[PDB]
Ligand SMILES: Nc1ncnc2c1ncn2[C@@H]1O[C@H](COP(=O)(O)OP(=O)(O)O)[C@@H](O)[C@H]1O
């Protein structure tokens, strides 16, 4: 089928658990500069798995919320997707 | 121009809640999208507070700190 | 078209284009996504996501650092 929606925890300006909306056949993510939007794609690649450098980040302990400043949100992060396919 | 248009839009009712869908009742797609981005950029300049809770509803706009009355 | 991917992510591919080329790619993805692939984009040029059927706004917020917030906007209830 396709990807229904994405769930993030303590990752790239995403405090706590927030349910991102369900994804239709063609949606879009729009916002001004520095709004924290490419990080959604970074999480998509992350749950798919890829080396840290292409996520404009090193050592993979900087990916937690608040880590680039220097004060992490916690030592604990979830990311989770739900794939929706036909046959219910 | 959009700030002053909201200044007269508030004074007509005075219910401190501006509907996005009301402003685009009698316009096409393009100007409706322009109005949506206008509310976006006015929210960016911290002049106005916009509320929307469920995934799909009309956006409620109320005067912010820099509303200029 | 050889090896399908269930869904797509597209970073700002309308980079230096004019209205004609963005109309080309938008019309292409409108006719082609509807029965082949899911595809999600990021952009700034309003015509590209004018053709979109749903929209994901994000508002950044101040504090000790930035906290971003999600809201969703329907698009398939509008004329022309
Ligand atoms: N964990 C984090 N907590 C807070 N701010 C962050 C975090 N990671 C990155 N940022 C900052 O958020 C800003 C928004 O950019 P980013 O999140 O990378 O996405 P985009 O490129 O879509 O704006 C950047 O200045 C970035 O340095």
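Residue numbers (my numbering), protein chains in the order written: chain G, -6 to 81; chain R, 4 to 72; chain L, 31 to 110. Ideal Cβ placement from N, Cα and C applies to all residues, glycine included.
So, does the stretch 43 to 61 of chain G touch the stretch 47 to 62 of chain L, judging by three or more C-beta pairs under 8 Å? no
Bounding residues of the alpha helix (DSSP H) (the contiguous stretch that carries residue 15 of chain R): 5 to 16
Runs of alpha helix (DSSP H) lying entirely within the stretch 34 to 65 of chain R, each at least 4 residues, in chain order: none
Using a Cβ-based criterion (distance less than 7 Å to any ligand heavy atom), does residue 32 of chain G qualify as near ligand 1? yes
Do three or more CB pairs link the stretch 60 to 80 of chain L to the stretch 23 to 34 of chain G at distances below 8 Å? yes
Around the Cβ of residue 30 of chain G, are there at least 16 other Cβ atoms within 10 angstroms (buried) or fewer (exposed)? buried
By the DSSP assignment, the beta strand (DSSP E) with residue 52 of chain L in it spans what residues? Where residue 52 of chain L is concerned, there is no enclosing beta strand (DSSP E), although the alpha helix (DSSP H) it sits in stretches over 49 to 66.
Quick one: complete beta strand (DSSP E) runs, 3+ long, within the stretch -4 to 55 of chain G? 10 to 12 and 21 to 23
Are there any heavy atoms of ligand 1 lying less than 7 Å away from the beta-carbon of residue 60 of chain R, as far as the coordinates show? no
Quick check: is any heavy atom of ligand 1 less than 7 Å from the C-beta of residue 99 of chain L? no
Flag residue 5 of chain G as yes when its Cβ comes closer than 7 Å to any non-hydrogen atom of ligand 1, and as no otherwise. yes
Quick one: what does DSSP say residue 106 of chain L is sitting in, helix, strand or coil? coil
Burial state of residue -6 of chain G (16 or more Cβ within 10 Å): exposed
Flag this pair as yes or no: are the beta carbons of residue 63 of chain L and residue 16 of chain G separated by less than 8 Å? no
Looking at chain G, is there any beta carbon in it that lies within less than 8 Å of the beta carbon of residue 34 of chain L? no
Whether residue 32 of chain G touches residue 6 of chain G by CB criterion (8 Å): yes
Measure the CB-CB distance between residue 59 of chain R and residue 102 of chain L and report whether it falls below 8 Å. yes
Should residue 70 of chain G be listed as close to ligand 1, given that the test is whether its C-beta is under 7 Å from any heavy atom? no
With DSSP run on the structure shown, which of helix, strand or coil describes residue 74 of chain L? coil
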